[PDB]
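Engineer: One file is attached below, input31.pdb, containing PDB, C-alpha atoms and all ligand atoms.
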ATOM      1  CA  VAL T   1       0.000   0.000   0.000  1.00  0.00           C
ATOM      2  CA  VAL T   2       1.334   3.382  -1.117  1.00  0.00           C
ATOM      3  CA  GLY T   3       0.587   6.373   1.135  1.00  0.00           C
ATOM      4  CA  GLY T   4      -1.258   4.358   3.737  1.00  0.00           C
ATOM      5  CA  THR T   5      -1.467   4.297   7.492  1.00  0.00           C
ATOM      6  CA  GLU T   6      -0.523   1.553   9.912  1.00  0.00           C
ATOM      7  CA  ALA T   7      -3.583  -0.463  10.702  1.00  0.00           C
ATOM      8  CA  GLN T   8      -4.872  -1.264  14.151  1.00  0.00           C
ATOM      9  CA  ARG T   9      -4.078  -4.793  15.312  1.00  0.00           C
ATOM     10  CA  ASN T  10      -7.769  -5.919  15.269  1.00  0.00           C
ATOM     11  CA  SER T  11      -9.350  -3.751  12.585  1.00  0.00           C
ATOM     12  CA  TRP T  12      -9.287  -6.291   9.705  1.00  0.00           C
ATOM     13  CA  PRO T  13      -9.378  -9.795  11.158  1.00  0.00           C
ATOM     14  CA  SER T  14     -10.299 -11.290   7.750  1.00  0.00           C
ATOM     15  CA  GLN T  15      -6.982 -10.258   6.174  1.00  0.00           C
ATOM     16  CA  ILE T  16      -4.430 -12.997   5.529  1.00  0.00           C
ATOM     17  CA  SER T  17      -0.895 -13.236   4.381  1.00  0.00           C
ATOM     18  CA  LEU T  18      -0.183 -15.621   1.514  1.00  0.00           C
ATOM     19  CA  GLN T  19       3.361 -16.917   1.569  1.00  0.00           C
ATOM     20  CA  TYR T  20       5.531 -19.343  -0.326  1.00  0.00           C
ATOM     21  CA  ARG T  21       8.496 -21.452   0.713  1.00  0.00           C
ATOM     22  CA  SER T  22      11.673 -19.736  -0.324  1.00  0.00           C
ATOM     23  CA  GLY T  23      14.693 -21.888   0.139  1.00  0.00           C
ATOM     24  CA  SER T  24      14.656 -22.365   3.896  1.00  0.00           C
ATOM     25  CA  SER T  25      12.183 -19.615   4.730  1.00  0.00           C
ATOM     26  CA  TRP T  26       8.773 -18.223   3.897  1.00  0.00           C
ATOM     27  CA  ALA T  27       8.106 -14.962   2.110  1.00  0.00           C
ATOM     28  CA  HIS T  28       4.983 -12.870   1.804  1.00  0.00           C
ATOM     29  CA  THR T  29       3.620 -12.848  -1.734  1.00  0.00           C
ATOM     30  CA  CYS T  30       0.002 -11.882  -1.705  1.00  0.00           C
ATOM     31  CA  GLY T  31      -2.883 -10.904   0.377  1.00  0.00           C
ATOM     32  CA  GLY T  32      -6.157 -12.803   0.683  1.00  0.00           C
ATOM     33  CA  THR T  33      -9.415 -13.029   2.566  1.00  0.00           C
ATOM     34  CA  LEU T  34     -10.644 -15.670   4.922  1.00  0.00           C
ATOM     35  CA  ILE T  35     -14.112 -16.506   3.679  1.00  0.00           C
ATOM     36  CA  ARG T  36     -14.391 -19.827   5.414  1.00  0.00           C
ATOM     37  CA  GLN T  37     -12.743 -21.487   8.379  1.00  0.00           C
ATOM     38  CA  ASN T  38     -10.884 -23.572   5.819  1.00  0.00           C
ATOM     39  CA  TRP T  39     -11.290 -21.409   2.723  1.00  0.00           C
ATOM     40  CA  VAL T  40      -9.370 -18.357   1.593  1.00  0.00           C
ATOM     41  CA  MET T  41     -10.078 -16.103  -1.370  1.00  0.00           C
ATOM     42  CA  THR T  42      -7.244 -14.490  -3.325  1.00  0.00           C
ATOM     43  CA  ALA T  43      -6.071 -13.461  -6.777  1.00  0.00           C
ATOM     44  CA  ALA T  44      -5.565 -16.170  -9.431  1.00  0.00           C
ATOM     45  CA  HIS T  45      -2.367 -14.611 -10.546  1.00  0.00           C
ATOM     46  CA  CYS T  46      -1.086 -15.125  -7.000  1.00  0.00           C
ATOM     47  CA  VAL T  47      -0.976 -18.893  -7.411  1.00  0.00           C
ATOM     48  CA  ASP T  48       0.206 -19.079 -11.014  1.00  0.00           C
ATOM     49  CA  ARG T  49       3.635 -20.336 -10.059  1.00  0.00           C
ATOM     50  CA  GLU T  50       3.982 -23.833  -8.723  1.00  0.00           C
ATOM     51  CA  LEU T  51       5.293 -23.138  -5.309  1.00  0.00           C
ATOM     52  CA  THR T  52       4.454 -24.229  -1.827  1.00  0.00           C
ATOM     53  CA  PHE T  53       1.931 -21.926  -0.176  1.00  0.00           C
ATOM     54  CA  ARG T  54       0.902 -21.254   3.384  1.00  0.00           C
ATOM     55  CA  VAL T  55      -1.610 -18.953   4.906  1.00  0.00           C
ATOM     56  CA  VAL T  56      -0.979 -16.798   7.930  1.00  0.00           C
ATOM     57  CA  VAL T  57      -3.973 -15.655   9.907  1.00  0.00           C
ATOM     58  CA  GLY T  58      -3.931 -13.208  12.844  1.00  0.00           C
ATOM     59  CA  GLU T  59      -0.888 -11.648  11.344  1.00  0.00           C
ATOM     60  CA  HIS T  60       0.026  -8.032  12.018  1.00  0.00           C
ATOM     61  CA  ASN T  61       3.802  -7.710  11.792  1.00  0.00           C
ATOM     62  CA  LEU T  62       5.448  -9.847   9.126  1.00  0.00           C
ATOM     63  CA  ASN T  63       8.903  -9.846  10.805  1.00  0.00           C
ATOM     64  CA  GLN T  64       7.689 -10.167  14.365  1.00  0.00           C
ATOM     65  CA  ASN T  65       5.790 -12.563  16.509  1.00  0.00           C
ATOM     66  CA  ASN T  66       2.468 -10.981  17.388  1.00  0.00           C
ATOM     67  CA  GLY T  67       1.327 -13.863  19.562  1.00  0.00           C
ATOM     68  CA  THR T  68      -1.788 -14.152  17.413  1.00  0.00           C
ATOM     69  CA  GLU T  69      -0.513 -15.894  14.251  1.00  0.00           C
ATOM     70  CA  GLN T  70      -1.969 -19.121  12.957  1.00  0.00           C
ATOM     71  CA  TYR T  71      -0.025 -20.963  10.282  1.00  0.00           C
ATOM     72  CA  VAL T  72      -1.927 -23.210   7.900  1.00  0.00           C
ATOM     73  CA  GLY T  73      -0.798 -24.982   4.747  1.00  0.00           C
ATOM     74  CA  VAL T  74      -2.767 -25.002   1.438  1.00  0.00           C
ATOM     75  CA  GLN T  75      -4.427 -28.290   0.587  1.00  0.00           C
ATOM     76  CA  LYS T  76      -6.218 -27.489  -2.650  1.00  0.00           C
ATOM     77  CA  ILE T  77      -6.090 -24.618  -5.148  1.00  0.00           C
ATOM     78  CA  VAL T  78      -9.120 -23.797  -7.258  1.00  0.00           C
ATOM     79  CA  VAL T  79      -8.540 -21.075  -9.830  1.00  0.00           C
ATOM     80  CA  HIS T  80     -11.272 -19.645 -11.993  1.00  0.00           C
ATOM     81  CA  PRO T  81     -11.776 -21.774 -15.123  1.00  0.00           C
ATOM     82  CA  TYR T  82     -11.755 -18.725 -17.442  1.00  0.00           C
ATOM     83  CA  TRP T  83      -8.497 -17.380 -15.928  1.00  0.00           C
ATOM     84  CA  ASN T  84      -5.581 -16.892 -18.313  1.00  0.00           C
ATOM     85  CA  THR T  85      -2.059 -15.863 -17.190  1.00  0.00           C
ATOM     86  CA  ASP T  86      -1.338 -13.764 -20.286  1.00  0.00           C
ATOM     87  CA  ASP T  87      -4.575 -11.803 -20.016  1.00  0.00           C
ATOM     88  CA  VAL T  88      -5.117 -10.031 -16.683  1.00  0.00           C
ATOM     89  CA  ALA T  89      -7.150  -7.300 -18.354  1.00  0.00           C
ATOM     90  CA  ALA T  90      -9.517 -10.095 -19.318  1.00  0.00           C
ATOM     91  CA  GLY T  91     -10.648 -10.663 -15.753  1.00  0.00           C
ATOM     92  CA  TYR T  92     -11.329 -13.812 -13.774  1.00  0.00           C
ATOM     93  CA  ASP T  93      -8.497 -12.836 -11.447  1.00  0.00           C
ATOM     94  CA  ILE T  94      -9.728 -14.918  -8.540  1.00  0.00           C
ATOM     95  CA  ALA T  95      -8.800 -18.171  -6.782  1.00  0.00           C
ATOM     96  CA  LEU T  96     -10.111 -20.199  -3.856  1.00  0.00           C
ATOM     97  CA  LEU T  97      -7.807 -22.058  -1.512  1.00  0.00           C
ATOM     98  CA  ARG T  98      -8.794 -24.941   0.679  1.00  0.00           C
ATOM     99  CA  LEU T  99      -6.785 -24.944   3.930  1.00  0.00           C
ATOM    100  CA  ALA T 100      -5.268 -28.079   5.488  1.00  0.00           C
ATOM    101  CA  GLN T 101      -7.113 -27.448   8.682  1.00  0.00           C
ATOM    102  CA  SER T 102      -9.706 -25.150  10.112  1.00  0.00           C
ATOM    103  CA  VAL T 103      -8.457 -21.967  11.751  1.00  0.00           C
ATOM    104  CA  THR T 104      -9.605 -20.872  15.160  1.00  0.00           C
ATOM    105  CA  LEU T 105     -11.824 -17.819  15.020  1.00  0.00           C
ATOM    106  CA  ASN T 106     -11.169 -15.002  17.495  1.00  0.00           C
ATOM    107  CA  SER T 107     -10.615 -11.215  17.766  1.00  0.00           C
ATOM    108  CA  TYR T 108      -7.828 -11.360  15.172  1.00  0.00           C
ATOM    109  CA  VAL T 109      -9.347 -14.079  13.019  1.00  0.00           C
ATOM    110  CA  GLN T 110     -12.736 -13.606  11.464  1.00  0.00           C
ATOM    111  CA  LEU T 111     -14.610 -14.390   8.326  1.00  0.00           C
ATOM    112  CA  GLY T 112     -14.881 -11.767   5.697  1.00  0.00           C
ATOM    113  CA  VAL T 113     -18.385 -10.632   4.799  1.00  0.00           C
ATOM    114  CA  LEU T 114     -19.302 -10.995   1.159  1.00  0.00           C
ATOM    115  CA  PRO T 115     -21.596  -8.784  -0.796  1.00  0.00           C
ATOM    116  CA  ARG T 116     -24.785  -9.935  -2.292  1.00  0.00           C
ATOM    117  CA  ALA T 117     -24.598 -11.083  -5.947  1.00  0.00           C
ATOM    118  CA  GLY T 118     -24.720  -8.354  -8.626  1.00  0.00           C
ATOM    119  CA  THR T 119     -23.986  -5.577  -6.109  1.00  0.00           C
ATOM    120  CA  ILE T 120     -22.610  -2.412  -7.629  1.00  0.00           C
ATOM    121  CA  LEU T 121     -21.309   0.390  -5.481  1.00  0.00           C
ATOM    122  CA  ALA T 122     -22.090   3.974  -6.279  1.00  0.00           C
ATOM    123  CA  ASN T 123     -19.388   6.336  -7.355  1.00  0.00           C
ATOM    124  CA  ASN T 124     -17.062   7.614  -4.638  1.00  0.00           C
ATOM    125  CA  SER T 125     -18.085   4.897  -2.158  1.00  0.00           C
ATOM    126  CA  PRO T 126     -16.110   4.660   1.110  1.00  0.00           C
ATOM    127  CA  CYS T 127     -13.543   1.848   0.867  1.00  0.00           C
ATOM    128  CA  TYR T 128     -10.267   0.781   2.394  1.00  0.00           C
ATOM    129  CA  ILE T 129      -7.461  -1.255   0.931  1.00  0.00           C
ATOM    130  CA  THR T 130      -5.318  -3.370   3.240  1.00  0.00           C
ATOM    131  CA  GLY T 131      -2.024  -5.157   2.707  1.00  0.00           C
ATOM    132  CA  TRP T 132       1.659  -5.505   3.328  1.00  0.00           C
ATOM    133  CA  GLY T 133       2.600  -4.670  -0.264  1.00  0.00           C
ATOM    134  CA  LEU T 134       5.162  -2.113  -1.401  1.00  0.00           C
ATOM    135  CA  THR T 135       4.856   1.264   0.381  1.00  0.00           C
ATOM    136  CA  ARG T 136       6.423   2.989  -2.619  1.00  0.00           C
ATOM    137  CA  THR T 137       6.704   2.272  -6.324  1.00  0.00           C
ATOM    138  CA  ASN T 138       9.672  -0.009  -6.672  1.00  0.00           C
ATOM    139  CA  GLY T 139      10.144   0.297  -2.931  1.00  0.00           C
ATOM    140  CA  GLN T 140       9.864  -2.384  -0.271  1.00  0.00           C
ATOM    141  CA  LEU T 141       7.192  -4.409   1.507  1.00  0.00           C
ATOM    142  CA  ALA T 142       5.611  -3.003   4.621  1.00  0.00           C
ATOM    143  CA  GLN T 143       6.430  -4.678   7.959  1.00  0.00           C
ATOM    144  CA  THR T 144       3.042  -3.963   9.489  1.00  0.00           C
ATOM    145  CA  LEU T 145      -0.409  -4.109   8.005  1.00  0.00           C
ATOM    146  CA  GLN T 146      -1.147  -0.873   6.142  1.00  0.00           C
ATOM    147  CA  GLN T 147      -4.421   0.705   5.209  1.00  0.00           C
ATOM    148  CA  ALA T 148      -5.536   3.354   2.724  1.00  0.00           C
ATOM    149  CA  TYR T 149      -8.779   5.137   2.052  1.00  0.00           C
ATOM    150  CA  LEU T 150      -9.813   4.334  -1.459  1.00  0.00           C
ATOM    151  CA  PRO T 151     -13.070   5.656  -2.745  1.00  0.00           C
ATOM    152  CA  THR T 152     -14.438   3.767  -5.682  1.00  0.00           C
ATOM    153  CA  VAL T 153     -14.484   4.917  -9.283  1.00  0.00           C
ATOM    154  CA  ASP T 154     -17.575   3.803 -11.174  1.00  0.00           C
ATOM    155  CA  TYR T 155     -17.315   1.733 -14.359  1.00  0.00           C
ATOM    156  CA  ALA T 156     -18.429   4.643 -16.552  1.00  0.00           C
ATOM    157  CA  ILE T 157     -15.533   6.812 -15.309  1.00  0.00           C
ATOM    158  CA  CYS T 158     -12.948   4.137 -14.868  1.00  0.00           C
ATOM    159  CA  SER T 159     -13.652   2.889 -18.410  1.00  0.00           C
ATOM    160  CA  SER T 160     -13.118   6.304 -19.846  1.00  0.00           C
ATOM    161  CA  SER T 161     -10.139   6.995 -22.080  1.00  0.00           C
ATOM    162  CA  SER T 162      -8.541   9.313 -19.543  1.00  0.00           C
ATOM    163  CA  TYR T 163      -8.631   6.447 -17.022  1.00  0.00           C
ATOM    164  CA  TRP T 164      -8.237   2.737 -17.692  1.00  0.00           C
ATOM    165  CA  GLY T 165     -10.152   2.731 -20.932  1.00  0.00           C
ATOM    166  CA  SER T 166     -11.002  -0.712 -22.292  1.00  0.00           C
ATOM    167  CA  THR T 167      -8.451  -2.456 -20.115  1.00  0.00           C
ATOM    168  CA  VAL T 168     -11.066  -2.517 -17.380  1.00  0.00           C
ATOM    169  CA  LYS T 169     -14.347  -4.465 -17.510  1.00  0.00           C
ATOM    170  CA  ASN T 170     -17.650  -4.519 -15.737  1.00  0.00           C
ATOM    171  CA  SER T 171     -16.450  -7.449 -13.681  1.00  0.00           C
ATOM    172  CA  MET T 172     -13.858  -5.283 -11.995  1.00  0.00           C
ATOM    173  CA  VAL T 173     -13.840  -2.513  -9.393  1.00  0.00           C
ATOM    174  CA  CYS T 174     -11.810   0.670  -9.499  1.00  0.00           C
ATOM    175  CA  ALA T 175     -10.673   2.511  -6.394  1.00  0.00           C
ATOM    176  CA  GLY T 176      -8.299   5.428  -5.799  1.00  0.00           C
ATOM    177  CA  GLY T 177      -6.436   7.198  -8.592  1.00  0.00           C
ATOM    178  CA  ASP T 178      -5.513  10.271  -6.566  1.00  0.00           C
ATOM    179  CA  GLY T 179      -1.827   9.811  -7.405  1.00  0.00           C
ATOM    180  CA  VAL T 180      -1.160   9.514  -3.639  1.00  0.00           C
ATOM    181  CA  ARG T 181      -2.806   6.320  -2.412  1.00  0.00           C
ATOM    182  CA  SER T 182      -2.996   2.903  -3.996  1.00  0.00           C
ATOM    183  CA  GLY T 183      -2.236  -0.691  -3.916  1.00  0.00           C
ATOM    184  CA  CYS T 184       1.217  -1.798  -4.858  1.00  0.00           C
ATOM    185  CA  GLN T 185       3.063  -5.074  -5.510  1.00  0.00           C
ATOM    186  CA  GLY T 186       2.363  -7.595  -2.753  1.00  0.00           C
ATOM    187  CA  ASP T 187      -1.065  -6.161  -2.002  1.00  0.00           C
ATOM    188  CA  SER T 188      -2.803  -8.027  -4.670  1.00  0.00           C
ATOM    189  CA  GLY T 189      -5.137 -10.869  -3.855  1.00  0.00           C
ATOM    190  CA  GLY T 190      -6.069  -8.815  -0.786  1.00  0.00           C
ATOM    191  CA  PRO T 191      -9.372  -7.272   0.165  1.00  0.00           C
ATOM    192  CA  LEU T 192     -11.094  -4.036  -0.581  1.00  0.00           C
ATOM    193  CA  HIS T 193     -13.350  -3.317   2.410  1.00  0.00           C
ATOM    194  CA  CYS T 194     -16.398  -1.196   1.602  1.00  0.00           C
ATOM    195  CA  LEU T 195     -18.941   0.164   4.086  1.00  0.00           C
ATOM    196  CA  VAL T 196     -22.452  -0.856   3.121  1.00  0.00           C
ATOM    197  CA  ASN T 197     -25.368  -0.419   5.445  1.00  0.00           C
ATOM    198  CA  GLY T 198     -23.107   0.150   8.472  1.00  0.00           C
ATOM    199  CA  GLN T 199     -21.129  -2.994   7.793  1.00  0.00           C
ATOM    200  CA  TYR T 200     -17.812  -3.551   6.026  1.00  0.00           C
ATOM    201  CA  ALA T 201     -17.854  -6.048   3.180  1.00  0.00           C
ATOM    202  CA  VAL T 202     -15.206  -7.409   0.813  1.00  0.00           C
ATOM    203  CA  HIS T 203     -16.266  -5.967  -2.579  1.00  0.00           C
ATOM    204  CA  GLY T 204     -13.025  -6.671  -4.412  1.00  0.00           C
ATOM    205  CA  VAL T 205      -9.833  -8.620  -4.755  1.00  0.00           C
ATOM    206  CA  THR T 206      -6.692  -6.613  -5.563  1.00  0.00           C
ATOM    207  CA  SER T 207      -5.858  -7.353  -9.139  1.00  0.00           C
ATOM    208  CA  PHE T 208      -3.630  -4.781 -10.807  1.00  0.00           C
ATOM    209  CA  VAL T 209      -2.193  -1.289 -11.153  1.00  0.00           C
ATOM    210  CA  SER T 210      -0.493   0.558 -14.003  1.00  0.00           C
ATOM    211  CA  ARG T 211       2.828  -0.470 -15.523  1.00  0.00           C
ATOM    212  CA  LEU T 212       3.820   3.128 -15.058  1.00  0.00           C
ATOM    213  CA  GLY T 213       3.547   2.951 -11.266  1.00  0.00           C
ATOM    214  CA  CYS T 214       1.399   2.013  -8.258  1.00  0.00           C
ATOM    215  CA  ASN T 215       0.163   5.539  -7.526  1.00  0.00           C
ATOM    216  CA  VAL T 216      -0.692   7.259 -10.771  1.00  0.00           C
ATOM    217  CA  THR T 217      -3.201  10.059 -11.270  1.00  0.00           C
ATOM    218  CA  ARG T 218      -6.283   8.764 -13.035  1.00  0.00           C
ATOM    219  CA  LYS T 219      -5.109   5.149 -12.702  1.00  0.00           C
ATOM    220  CA  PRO T 220      -7.131   3.645  -9.897  1.00  0.00           C
ATOM    221  CA  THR T 221      -6.288   0.339  -8.359  1.00  0.00           C
ATOM    222  CA  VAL T 222      -8.100  -2.463 -10.152  1.00  0.00           C
ATOM    223  CA  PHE T 223      -9.969  -5.165  -8.285  1.00  0.00           C
ATOM    224  CA  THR T 224     -11.873  -8.224  -9.173  1.00  0.00           C
ATOM    225  CA  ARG T 225     -15.517  -7.560  -8.448  1.00  0.00           C
ATOM    226  CA  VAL T 226     -16.395 -10.197  -5.879  1.00  0.00           C
ATOM    227  CA  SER T 227     -20.171  -9.653  -6.356  1.00  0.00           C
ATOM    228  CA  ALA T 228     -19.640 -11.040  -9.851  1.00  0.00           C
ATOM    229  CA  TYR T 229     -18.402 -14.363  -8.573  1.00  0.00           C
ATOM    230  CA  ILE T 230     -20.923 -15.137  -5.783  1.00  0.00           C
ATOM    231  CA  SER T 231     -22.476 -18.108  -7.593  1.00  0.00           C
ATOM    232  CA  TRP T 232     -19.087 -19.457  -8.528  1.00  0.00           C
ATOM    233  CA  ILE T 233     -17.696 -19.095  -4.994  1.00  0.00           C
ATOM    234  CA  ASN T 234     -20.607 -20.939  -3.431  1.00  0.00           C
ATOM    235  CA  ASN T 235     -20.418 -23.688  -6.104  1.00  0.00           C
ATOM    236  CA  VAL T 236     -16.727 -24.302  -5.403  1.00  0.00           C
ATOM    237  CA  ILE T 237     -17.051 -24.563  -1.608  1.00  0.00           C
ATOM    238  CA  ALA T 238     -20.119 -26.767  -1.826  1.00  0.00           C
ATOM    239  CA  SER T 239     -18.341 -29.172  -4.177  1.00  0.00           C
ATOM    240  CA  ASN T 240     -14.945 -29.228  -2.522  1.00  0.00           C
TER
HETATM  241  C1  LIG A 301      -0.660  -9.187  -6.437  1.00  0.00           C
HETATM  242  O1  LIG A 301      -1.371 -10.152  -6.245  1.00  0.00           O
HETATM  243  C2  LIG A 301       0.646  -9.367  -6.848  1.00  0.00           C
HETATM  244  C3  LIG A 301       1.657  -9.665  -5.922  1.00  0.00           C
HETATM  245  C4  LIG A 301       2.948  -9.955  -6.370  1.00  0.00           C
HETATM  246  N1  LIG A 301       3.977 -10.209  -5.442  1.00  0.00           N
HETATM  247  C5  LIG A 301       3.217  -9.973  -7.747  1.00  0.00           C
HETATM  248  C6  LIG A 301       2.187  -9.731  -8.662  1.00  0.00           C
HETATM  249  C7  LIG A 301       0.880  -9.472  -8.194  1.00  0.00           C
HETATM  250  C8  LIG A 301      -0.268  -9.104  -9.140  1.00  0.00           C
HETATM  251  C9  LIG A 301       0.190  -8.439 -10.425  1.00  0.00           C
HETATM  252  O2  LIG A 301      -0.486  -8.581 -11.477  1.00  0.00           O
HETATM  253  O3  LIG A 301       1.333  -7.635 -10.466  1.00  0.00           O
HETATM  254  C10 LIG A 301       2.374  -8.036 -11.396  1.00  0.00           C
HETATM  255  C11 LIG A 301       3.754  -7.695 -10.795  1.00  0.00           C
HETATM  256 BR1  LIG A 301       4.521  -6.059 -11.585  1.00  0.00          BR
HETATM  257 CA    CA A 302       3.831 -11.791  13.155  1.00  0.00          CA
END
What is this file in structure tokens?

Structural biologist:
Amino acid sequence: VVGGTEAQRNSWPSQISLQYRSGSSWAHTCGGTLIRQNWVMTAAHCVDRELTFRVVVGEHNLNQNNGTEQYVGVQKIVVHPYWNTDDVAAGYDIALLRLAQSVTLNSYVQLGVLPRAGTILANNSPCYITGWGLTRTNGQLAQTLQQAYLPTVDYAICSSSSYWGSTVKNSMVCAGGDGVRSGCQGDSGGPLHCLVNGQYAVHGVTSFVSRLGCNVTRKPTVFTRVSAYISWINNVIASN
């Protein structure tokens, strides 16, 4: 997260750290959302490589023991059938992971609330992006969970030539574009928490930013619109 603020230890209990075995250690790669006690939702592109993955729940500080962490391995990876590595602008940037075991729910570990199917937020809706991604373009990963206020940009605007143009689709969500705040590398797969009817819900999955940089004016952070995959999500969990 670029231009964000350190998040409170118990503000976003649904946030997870997706890591992969690196030699003799683990390294944060993506964010994700705990949707089930044994299911996590992330970005497809996060699990494109064939590495060993593990999920860290109740995580706050990557390089420090918070006394709240729960480490679980990934048992099964279910990417979206229409997903294609070479075409991120195509969509379908979503994957469901089945955890080896069920995590213990508590103050730091909670299930993310999903939006109802077909739900579209109005322009300039109140949202927050969370993650441990790069704090600066081409910078380094954040040690502690960061957060940034990211109002949404409606399809009509986001799809305009001055913005993302045709690169973006109706099955995506735009947020930010102020040239100051945004998602960055390592934040993707993570949640986009939006306040609807007094309650925060996960309306998107961090997908992509511009090749130019993370924080670029008129280049909002792009997310996979979760409300577009409700049916799919339910079908996967019920069958696996
Ligand atoms: C976000 O999920 C993410 C995280 C990492 N570490 C690498 C890539 C991605 C998504 C993406 O499309 O960015 C390409 C890397 Br310039
Ligand atoms: Ca920790």

Engineer: For range 197-203 of chain T, work out the shell of residues within 10 Å, counting only C-alpha atoms and skipping chain neighbours fewer than 2 positions away, then give it as an mmCIF file with C-alpha atoms, in the frame of the given file.

Structural biologist:
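result.cif was written with the following content:
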data_model
loop_
_atom_site.group_PDB
_atom_site.id
_atom_site.type_symbol
_atom_site.label_atom_id
_atom_site.label_comp_id
_atom_site.auth_asym_id
_atom_site.auth_seq_id
_atom_site.Cartn_x
_atom_site.Cartn_y
_atom_site.Cartn_z
ATOM 1 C CA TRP T 12 -9.287 -6.291 9.705
ATOM 2 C CA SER T 14 -10.299 -11.290 7.750
ATOM 3 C CA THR T 33 -9.415 -13.029 2.566
ATOM 4 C CA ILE T 35 -14.112 -16.506 3.679
ATOM 5 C CA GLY T 112 -14.881 -11.767 5.697
ATOM 6 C CA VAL T 113 -18.385 -10.632 4.799
ATOM 7 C CA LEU T 114 -19.302 -10.995 1.159
ATOM 8 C CA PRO T 115 -21.596 -8.784 -0.796
ATOM 9 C CA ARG T 116 -24.785 -9.935 -2.292
ATOM 10 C CA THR T 119 -23.986 -5.577 -6.109
ATOM 11 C CA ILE T 120 -22.610 -2.412 -7.629
ATOM 12 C CA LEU T 121 -21.309 0.390 -5.481
ATOM 13 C CA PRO T 126 -16.110 4.660 1.110
ATOM 14 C CA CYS T 127 -13.543 1.848 0.867
ATOM 15 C CA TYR T 128 -10.267 0.781 2.394
ATOM 16 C CA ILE T 129 -7.461 -1.255 0.931
ATOM 17 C CA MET T 172 -13.858 -5.283 -11.995
ATOM 18 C CA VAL T 173 -13.840 -2.513 -9.393
ATOM 19 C CA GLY T 190 -6.069 -8.815 -0.786
ATOM 20 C CA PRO T 191 -9.372 -7.272 0.165
ATOM 21 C CA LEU T 192 -11.094 -4.036 -0.581
ATOM 22 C CA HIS T 193 -13.350 -3.317 2.410
ATOM 23 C CA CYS T 194 -16.398 -1.196 1.602
ATOM 24 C CA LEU T 195 -18.941 0.164 4.086
ATOM 25 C CA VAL T 205 -9.833 -8.620 -4.755
ATOM 26 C CA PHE T 223 -9.969 -5.165 -8.285
ATOM 27 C CA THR T 224 -11.873 -8.224 -9.173
ATOM 28 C CA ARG T 225 -15.517 -7.560 -8.448
ATOM 29 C CA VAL T 226 -16.395 -10.197 -5.879
ATOM 30 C CA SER T 227 -20.171 -9.653 -6.356
ATOM 31 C CA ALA T 228 -19.640 -11.040 -9.851
#

Engineer: For each of T:219, T:60, T:169, T:98, take the minimum atom-to-atom distance to residue 156 in chain T, counting only C-alpha atoms, then give the residue where this is smallest.

Structural biologist: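 Distance minimum relative to residue 156 in chain T lands on T:169.
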
Engineer: Report as number ranges by chain which protein, DNA and RNA residues come within 8 Å of ligand CA 302 (chain A), using only C-alpha atoms and all ligand atoms.

Structural biologist: T: 58-69

Engineer: Using all atoms listed in the file, find each residue with an atom at most 7 Å away from ligand LIG 301 (chain A) and format the answer as a PyMOL selection string.

Structural biologist: chain T and resi 29-31+43+45-46+185-189+206-208

Engineer: For a test of reading the model, state the distance in Å between CA of residue 13 in chain T and CA of residue 111 in chain T, rounded to one decimal.

Structural biologist: 7.5 Å

Engineer: Could you tell me which residues the PyMOL selection byres (((chain T and resi 100) around 8) and not hetatm) returns for this structure, as a list in words?

Structural biologist: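 Those residues are residues 38, 72, 73, 74, 75, 98, 99, 101 and 102 of chain T.
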
Engineer: Write the residues you've just listed into a file as a tab-separated table (two decimals), keeping the file's coordinate frame, and include C-alpha atoms for each of them.

Structural biologist:
chain	number	residue	atom	x	y	z
T	38	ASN	CA	-10.88	-23.57	5.82
T	72	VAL	CA	-1.93	-23.21	7.90
T	73	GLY	CA	-0.80	-24.98	4.75
T	74	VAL	CA	-2.77	-25.00	1.44
T	75	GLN	CA	-4.43	-28.29	0.59
T	98	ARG	CA	-8.79	-24.94	0.68
T	99	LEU	CA	-6.78	-24.94	3.93
T	101	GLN	CA	-7.11	-27.45	8.68
T	102	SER	CA	-9.71	-25.15	10.11

Engineer: Let me make sure I understand: among T:147, T:159, T:70, T:104, which one has the smallest atom-to-atom distance to residue 133 in chain T if we use all atoms listed in the file?

Structural biologist: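 Result for the nearest residue to residue 133 in chain T: T:147.
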
Engineer: Between T:230, T:89, T:47, T:142, single out the one closest to residue 6 in chain T, counting all atoms listed in the file.

Structural biologist: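 Looking only at the distances to residue 6 in chain T, the closest residue turns out to be T:142.
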
Engineer: Given the file shown, determine the residues that the PyMOL selection byres (((chain T and resi 165) around 12) and not hetatm) selects; report them as a ChimeraX atom specification.

Structural biologist: /T:89,155-164,166-170,174,218-220
